[PDB]
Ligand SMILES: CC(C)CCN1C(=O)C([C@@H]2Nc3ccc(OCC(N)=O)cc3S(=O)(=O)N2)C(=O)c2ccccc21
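Given as structure tokens, the chain that follows is alone and in the form solved without the ligand.
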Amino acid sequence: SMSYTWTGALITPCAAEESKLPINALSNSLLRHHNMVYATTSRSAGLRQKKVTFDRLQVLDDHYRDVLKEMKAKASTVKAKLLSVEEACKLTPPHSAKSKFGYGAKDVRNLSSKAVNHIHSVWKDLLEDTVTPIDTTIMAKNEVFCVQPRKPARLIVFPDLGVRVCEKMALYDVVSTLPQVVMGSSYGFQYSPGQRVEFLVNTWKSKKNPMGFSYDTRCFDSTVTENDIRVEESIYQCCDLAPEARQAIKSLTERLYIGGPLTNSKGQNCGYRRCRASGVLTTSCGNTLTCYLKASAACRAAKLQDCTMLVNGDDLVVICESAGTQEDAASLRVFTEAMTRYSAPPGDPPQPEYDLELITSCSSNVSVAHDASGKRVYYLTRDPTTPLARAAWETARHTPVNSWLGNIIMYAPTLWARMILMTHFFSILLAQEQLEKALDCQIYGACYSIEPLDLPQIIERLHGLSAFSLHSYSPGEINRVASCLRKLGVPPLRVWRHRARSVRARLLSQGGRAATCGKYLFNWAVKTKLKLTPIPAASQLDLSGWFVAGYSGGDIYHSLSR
């Protein structure tokens, strides 16, 4: 069973692809070593193809079977509804890829009858045909990174817009509700960053003698077997569903999720997929359920005691009771052997850790600092390299999604997000006079439209007021940021402090919400700290739905509403 079989047709770009950062002012003021920053293109697609193509061997045992039975039992308590065409249309991003059938995302959002008529025909086709494979487009992703003495572009596989709308009608409620019921506290997308930290810290504190590790599966999507995908469907079918949803879910599973033909942007047949499609609604939910199923079973095979797991798609973290250093090492090898049997081998062998802060997952790790009172406070951070590389790229070129905005929101408590990202971007928004202009960013795969001026409220709601007063960061954290700045040619933190004092002054000068950004976001920069009290407007924010589920690759849109 090969994850992919290829014809020879090339994976082609849909337009010109920029692979390097252009020299400019605002950007150079952020990062000087612009040659370390690059964007992946279809020119490396061949390298990725070789990586993602391999044979999968699956061997299931009783541990797998027991866990699966328990999961289905919980899934049986879920009732999910079909989404109306109107509801599905409103979930479509304004810039989603247009349909090959004469209409685009705008038409969908506006409920044009041409688009709605086509969507109705696709749905009817799903109910009437549960066999014919559905076409998909395979593209090379254009993502920005920093060299680390270059990685090939990742591939994305997705169905036509019409099909995507139908996936929402049939499964949006399911993938948004089932995971948390089936996996409970182990489902990572139910947590905002602060909630994730609290769960990890308390889980770590609850063990008498804790040991923990992260497990990275080598090219997870490709390790997902056709059987794995049918198992996911069996879990979805456990829910109380309307007859039409059951038929559509079955049809989508057999015609799209389990596999299908691959077509490039030129319309040429590129090959055939028999693994997880990275660009469908069920990608995140499916990956999390499957990763959880295999890992829960592996914990049992390895006899790990008092196991607590945290799963986000293919990202896995396990905290358990230590049985001794030698014993732990041997257990992890057994855990790994089991995962391998289930068709989920490691990219890099997992390593037992005895300090929560040393565990890295979701690119992040827990770190510690102090609030105004001097009391310890845990927060989520990560290596700032990629965030800074993309920050530099976004300052230079116009981009649809602003990773810097997403990063400020997710990593607001960090030293780097506060001193660099906030300072740099608010400086630009000020000059360009675009403070009140809404921008698009992503959170757990979903696209959100947010006004930079709302950041203070958003940050207070998610991280609490302490996010504006953290100080005395850990030595390791400070040294990682400092070293990263030296590496990329980014001005040292001391320079950012001076820049921030100026940005803060200018923001205060404008009063209103802008002054609020100045007072709260940059209180760390001034010697004479202001007293920070709750922001009344914060409560008016509708953050329900922000941290409920993952939608990476799912073509989901929302946009902040007060």
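Basically, rigid core = biggest C-alpha set you can superpose within 1.5 Å across the two forms. Numbers follow the displayed sequence, beginning with 1.
Novice: Determine, for 492-500 and 44-52, which one has C-alphas that on average lie farther from this form in 7 other deposited structures of this protein; superpose on the rigid core first.
Specialist: This comes out as 492-500, the stretch further from the shown form in 7 other deposited structures of this protein.
Novice: Between 254-262 and 393-401, which one strays more from this form in 7 other deposited structures of this protein if you match the rigid core and compare Cα atoms?
Specialist: Result of the core-fitted comparison in 7 other deposited structures of this protein: 393-401 deviates more.
Novice: At least a third of the other compared entries leaving residue 149 unmodelled, is that the case?
Specialist: Yes, residue 149 lacks coordinates in at least a third of the other compared entries that model both of its neighbours.
Novice: Please say, as none, 1 to 3, 4 to 9, or 10 or more, how many residues of the deposited sequence are without coordinates in the interval between residue 149 and residue 150.
Specialist: The entry leaves 4 to 9 residues without coordinates here.
Novice: Which is higher on mean Cα B factor in this entry, 39-47 or 500-508?
Specialist: Taking the mean C-alpha B-factor of 500-508 and of 39-47, the larger value falls to 39-47.
Novice: Could you settle it for me: does 489-497 or 522-530 have the higher average Cα B factor in the PDB entry?
Specialist: Averaged over C-alpha atoms, the B-factors run higher in 522-530.
Novice: Kindly indicate the residue among 430, 157, 175, 88 with the greatest C-alpha B-factor in the PDB record.
Specialist: Checking the PDB record, the top C-alpha B-factor among 430, 157, 175, 88 is at 430.
Novice: Check the PDB entry and point out which of 368, 299, 415, 242 has the largest C-alpha temperature factor.
Specialist: Highest C-alpha B-factor among the listed residues goes to 242.
Novice: Report the third (lowest, middle or highest) to which the CA temperature factor of residue 113 belongs, ranking only the modelled residues of the same chain.
Specialist: It falls in the bottom third of the chain.
Novice: Could you place residue 553 in the lowest, middle or highest third of its chain by Cα temperature factor, using the values in the record?
Specialist: Ranked within chain, residue 553 CA B lands in the middle tercile.
Novice: If you rank every modelled residue in this chain by C-alpha B factor, which third holds residue 436: lowest, middle or highest?
Specialist: Highest third of the chain for residue 436's C-alpha B-factor.
Novice: Rank-wise, by C-alpha B-factor, drop residue 374 into the lowest, middle or highest third of its chain.
Specialist: Its C-alpha B-factor, which the entry lists for residue 374, ranks in the highest third among residues of this chain.
Novice: Looking at the C-alpha B-factor of residue 217, is it in the lowest, middle or highest third of its chain?
Specialist: For residue 217, the deposited C-alpha B-factor lands in the middle third.
What follows is about the form deposited with the ligand bound, which we do not show.
Novice: Which one of these stretches, 424-432, 226-234, 443-451, 339-347, sits within 4.5 Å of the ligand in the entry with it bound when only heavy atoms are counted?
Specialist: Heavy-atom contact with the partner occurs in 443-451.
Novice: If you check 152, 104, 406, 352 against the ligand in the entry with it bound, which one has a heavy atom within 4.5 Å?
Specialist: The residue in contact is 406.
Novice: Of these, 83, 380, 320, 175, which has a heavy atom no more than 4.5 Å from the ligand in the entry with it bound?
Specialist: Of the candidates 83, 380, 320, 175, 380 is the one lying within 4.5 Å of the ligand in the entry with it bound.
Novice: In the entry with it bound, is there a heavy atom of the ligand that lies within 4.5 Å of any heavy atom of residue 165, even though the partner is absent here?
Specialist: No - in the entry with it bound, heavy atoms of residue 165 and the ligand never come within 4.5 Å of each other.
Novice: Using a 4.5 angstroms cut-off on non-hydrogen atoms, would residue 247 count as touching the ligand in the entry with it bound?
Specialist: No, no contact at 4.5 Å.
Novice: Does any part of residue 160 reach within 4.5 Å of the ligand in the entry with it bound? Heavy atoms only, please.
Specialist: No, residue 160 stays farther than 4.5 Å from the ligand in the entry with it bound.
Novice: Does the ligand get within 4.5 angstroms of any non-hydrogen atom of residue 189 in the entry with it bound?
Specialist: It does: once the ligand is placed as it appears in the entry with it bound, residue 189 has a heavy atom within 4.5 Å of it.
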